[PDB]
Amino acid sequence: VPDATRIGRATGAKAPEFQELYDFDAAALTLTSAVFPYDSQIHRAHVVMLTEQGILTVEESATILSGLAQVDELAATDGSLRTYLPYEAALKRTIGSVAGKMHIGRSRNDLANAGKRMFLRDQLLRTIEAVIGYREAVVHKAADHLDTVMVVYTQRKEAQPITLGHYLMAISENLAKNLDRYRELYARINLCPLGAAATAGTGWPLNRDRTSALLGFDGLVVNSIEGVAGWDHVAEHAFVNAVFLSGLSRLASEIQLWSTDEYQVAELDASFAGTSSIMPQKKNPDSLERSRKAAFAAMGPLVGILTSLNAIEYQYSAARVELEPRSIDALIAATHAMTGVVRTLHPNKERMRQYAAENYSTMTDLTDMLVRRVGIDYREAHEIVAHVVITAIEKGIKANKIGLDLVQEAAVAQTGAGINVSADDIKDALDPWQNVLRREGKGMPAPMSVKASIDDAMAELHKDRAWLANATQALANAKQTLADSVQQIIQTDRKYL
């Protein structure tokens, strides 16, 4: 059965990144189902530590640890066993009374806090990976468009000449700082609240550093109230999602205006556009609009979370709003989709050059030139060139046909004085590619300037990937160390007692 939406101008298949936008909603787990595997890790690491502290005998420990494996498999099909007390009770039906001892010196409060942190931890690494993939597409694309002269806009009005590479490296710098936000957040998420128990700790001599290490954390949430009452990292995760997607919305909006029937300076790749069920001519920006809709929706969780924190005391509370899997799934899908839009975007280079040359974005260089040559102040030069534009529009003269006669009229009509400049000066000022070549300082659109910041982004991307790799490898190490300690106890009990 074919894809019934790939009709008319929607040729080929949806790009896989484009399809994500339609799939994540119905495939998203509940928070309960997504956190549940991490709770089971906590059960194992907590029991291991209880064993190493002499609170559980090695017999008791091995019986429990083997029960968790059995119950974990039951809960794969029985959703009711995914909250703690149903889980504990089913473990008691599987190995008996000893099951209850896995909760010594522990609570649902610090269990839930740790499990949700572990879930948000992986989803944070999942996000950093996607945001790195987003930046790479952006930077790779910039490197191919150092010569693609085009206008930049301000207030949705043509401003000055630049290049597509210049524009894309603004997104790279936006994404670099969003990656810092995410890494900063990670340091506060990857703290372990286990050992806080209900909110006040326990008399049982737990080793909180041990449970924290086995579960992949880089440190502890020290104070026990903060361990269960702390939620600011949930609000911050929601925020960074919101702020990052707002920049993604702006790019998607920028590209959507580029690809209007009236601009026609860019065209979406067919694999990222849909059609209309009624209007055959439509090549619709469904990818851009559905991506932005995910950006708008990220406002919701952030507001919900902060409202819930403003409404309570500094306590554990069941009234606090969560950051849900479906919210992150939406962020990932949009990020993947815009990664694809950017990689496959088709710039219409000739109409780009045309707008830059004809629609008066070069007037600033005409103004600056009068100031460089005849030495008038900028406000006066600006007033003359304004008259030039006003007159040229009235007379239908495109910017690149503006000449000496017209510049002389405006100076006269505005100051009574002529102005001492040559036809060649005007010609230089009105050449959009020279507008680019002259803007060669740090962060400006000249090729050697944009290439320089691309090289910097290359070096920064290598560090981004390195940070991601070390963080991913660290969690894998602790996960492997935990699985070893678990088999160690199960085999020790099997052989020596």
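Each residue number is its position in the shown sequence, starting from 1. The term rigid core refers to the maximal set of C-alpha atoms that superpose within 1.5 Å between the two forms.
Engineer: Can you check whether 414 to 422 or 269 to 277 lies farther from the displayed model in 5 other deposited structures of this protein, averaging C-alpha distances as RMS after superposing on the core?
Structural biologist: With the rigid core fitted, 414 to 422 is the stretch that strays more in 5 other deposited structures of this protein.
Engineer: Select between 342 to 350 and 309 to 317 the stretch whose C-alpha atoms have the higher average B-factor in the entry.
Structural biologist: Mean B over CA atoms: larger for 342 to 350.
Engineer: Look up the CA B-factors in the entry and say which stretch, 267 to 275 or 368 to 376, has the higher mean.
Structural biologist: Higher mean C-alpha B-factor: 368 to 376.
Engineer: If I read the C-alpha B-factors straight from the PDB entry, which of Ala330, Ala381, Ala112, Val303 is highest?
Structural biologist: By C-alpha B-factor in the record, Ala381 ranks first.
Engineer: When the CA B-factors of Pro285, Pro325, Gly201, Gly396 are compared as recorded in the entry, which is the largest?
Structural biologist: That would be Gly396.
Engineer: How does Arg93 rank on Cα B-factor within its chain, lowest, middle or highest third?
Structural biologist: Top third by C-alpha B-factor.
Engineer: Quick check on the deposited entry: does the C-alpha B-factor of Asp232 sit in the lowest, middle or highest third of its chain?
Structural biologist: Tercile = lowest for this residue's CA B-factor.
Engineer: Going by the entry, which third of its chain does the Cα temperature factor of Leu29 land in?
Structural biologist: Answer is lowest: the recorded C-alpha B-factor places it there.
Engineer: Using only modelled residues of the chain, where does the Cα B factor of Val131 rank: lowest third, middle third or highest third?
Structural biologist: Ranked within chain, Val131 CA B lands in the lowest tercile.
Engineer: Can you tell me whether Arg117 has a C-alpha B-factor in the lowest, middle or highest third compared with the other modelled residues of the same chain?
Structural biologist: According to the entry, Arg117 has a C-alpha B-factor in the chain's lowest third.
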